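Included below are structure tokens for two forms of one protein chain, each presented in isolation as structure 1 and structure 2.
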Structure 1
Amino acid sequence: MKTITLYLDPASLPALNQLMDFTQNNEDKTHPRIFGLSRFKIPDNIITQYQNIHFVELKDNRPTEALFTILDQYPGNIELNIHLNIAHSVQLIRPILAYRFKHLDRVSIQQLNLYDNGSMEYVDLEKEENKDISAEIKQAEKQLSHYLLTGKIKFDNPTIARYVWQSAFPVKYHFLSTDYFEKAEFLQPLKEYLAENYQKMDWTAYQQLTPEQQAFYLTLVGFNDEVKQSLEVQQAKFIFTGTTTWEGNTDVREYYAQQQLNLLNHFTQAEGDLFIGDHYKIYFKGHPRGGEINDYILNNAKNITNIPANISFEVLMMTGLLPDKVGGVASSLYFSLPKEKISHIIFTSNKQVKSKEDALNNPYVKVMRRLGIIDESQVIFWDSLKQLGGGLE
């Protein structure tokens, strides 16, 4: 038999873990590998070090049928070692299970490794409170058995279905928040069911790699030496999280840049309501779609160091380079952060959030509040902050 390893993820955090897995096994130059990581282009000069390495696109959270052509190149008995995004696991595995169904004499599933997308999974699990979780699990197990057999996907509970793979295959889950599973009383039947099949995401894997593997990993994830050096200064560090625009009663994008500068001043200036201290070196993490707003902010906040948007907070955590403090405009990204690193999260106006009270009801904010990761006082509504000038700095 031949093992083929498939790395599938439309998002970021599962791919970062899967690229770490690849790096840990990167002395094996010929192990068949299929990469379907929509957000990560593996550089040519890595690809050409490997044989039997293949690439598939994802569409609508499934590998395209081009996957079948690759698997057809392995005519013997093949075992699939599959890495997946938990939230998207059902769609991602569908063409794999379709291929298995068609080649049942030679294709088997060796094991699954599944990784959180992010706050998604937790926001979705919260919607299942008050259900009979034991009964939801058992029904999903039966519907998965039908899926693996007849090929008909229908889950009464798509959220719980993400967690019943052990009923069919060997599986390991890698969770952003094991505390959630262990402290959400309503999920105790699921926590017990998952048994030894889950662990916390391994944020220190990078530190155990050889120096050459560390460099390899940084190349895989697009974390170049310029940005890395900028984050190794022996000083306290604060990252401001930028946004795009919000409901400010104007379409003028410059207004939203100026207002984000005002929010930044409340962290950087002693006069600010959110003052972090004069001893922090300031960084800016623009929203990936901020575009020219990010240029406006960088230009008018002179002493700030830009962190490009492709460098996620998780890859900073994966490499041990998270700053000491993070604050600014809110996003579900904050769910991934250690509690000690979160300063203040500022909510802007939209359809669902028009006040601090609304912000406290935000779905990921609610999970974080239950887990004790933030206090309500760390949640700020944007227009509660007065206009504040910058400094000569």
Structure 2
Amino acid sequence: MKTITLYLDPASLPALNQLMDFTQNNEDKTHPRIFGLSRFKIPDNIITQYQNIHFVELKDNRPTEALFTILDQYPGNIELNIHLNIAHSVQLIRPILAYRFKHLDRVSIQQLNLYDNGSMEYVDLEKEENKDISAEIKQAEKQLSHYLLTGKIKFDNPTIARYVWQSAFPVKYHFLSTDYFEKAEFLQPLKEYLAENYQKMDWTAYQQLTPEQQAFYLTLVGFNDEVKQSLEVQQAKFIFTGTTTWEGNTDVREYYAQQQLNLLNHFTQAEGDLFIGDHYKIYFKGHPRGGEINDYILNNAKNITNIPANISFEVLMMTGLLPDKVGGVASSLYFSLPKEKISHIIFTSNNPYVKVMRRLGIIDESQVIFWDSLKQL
């Protein structure tokens, strides 16, 4: 019998966690691996060192039918070690479960490892504040059973359904915020139900790698020597962090780009509401999917040092290269940032994201700043 490891994520944070998993397990050159990480391209000089290494496109938050061609190459008993984005877990596993239906005698699910998309899960859970969570859990388990038995998806509570995987498989959840599950009292039945099936995302993992693995990991995440040297300058630093919109609406993307540029000006200009001081070196950490929103900043700002957008902010924490101050639009990156490094967090326009951050003490009780409430400088 054979284990096949699948690394699946259309987003950013779960993929970053999974690249660490790959690094920790990188000595085994023959272990079958299937990478479905949309935002990441494993360098060819790494692929070359591995056999039984496979790549699958994601479409509509699920591996395409090309997954089946890969799995067909392993005609014996196979156990699937699946790494998943939590918010998209139901769709991402969908084709794996379809394949299993057709190959009942040889395909099993060994275990799930699940990682937060990021703030998304917490914003979603916040919207469930007024529900009987204990009862939502039981209904979600029942409906998960219907899914596993019929292949059909129908959840009364899609959000709670994300957390009932243990009723079917050995699972481990990796949470951006374990504090949220403790502090949100309405969620106490969920914390109790999840028992010993969860842990916090471990940001000390990198410090524990061998020098060789640390180098390997940095290559995976794109943290090159040029970027490292730019952050090793001996001057106090501010990193302005970008956001993106999922709206494939051009007018919305253009509005975001404009508001974000104006927000940067509020941090960096002396007359800005959020003025940080003249002594800072200014950096830009665009959102991985900002695209033309990122370009807008670089084309329209000055005296700013770009940090390549696909480099996850959290890599700076691992490498001990965090700046003095960080500011920009509310982001998953702010959940693991030391409090002393927050300049200001700004929201796009009872806001559940605001509520999430307030519950966690990431922001205080003062009036939140939305970016449409900032004067155009």
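Residue positions are counted from 1 along structure 1's sequence. Basically, rigid core = biggest C-alpha set you can superpose within 1.5 Å across the two forms.
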Original post:
Core fitted between structures 1 and 2: which of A161, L194, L316, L220 shows a C-alpha shift of 2 angstroms or more?
Top reply: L316
Subject >> Threshold 2 Å Cα movement between structures 1 and 2 at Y99, rigid core reference >> reply: no
Original post:
Fitting the rigid core first, would the Cα of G328 be found 2 Å or more away between structures 1 and 2?
Top reply: yes
**OP:** Superpose on the rigid core, then tell me if the C-alpha of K142 is displaced by 2 angstroms or more between structures 1 and 2.
**Re:** no
Original post:
After superposition on the rigid core, what is the displacement of the C-alpha atom of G36 between structures 1 and 2, in Å?
Top reply: 0.2
Original post:
If the rigid core is lined up, how many Å does the C-alpha atom of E292 shift between structures 1 and 2?
Top reply: 8.0
**OP:** Let me know the CA shift of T244 between structures 1 and 2 in Å, rounded to one decimal, core fitted.
**Re:** 8.7
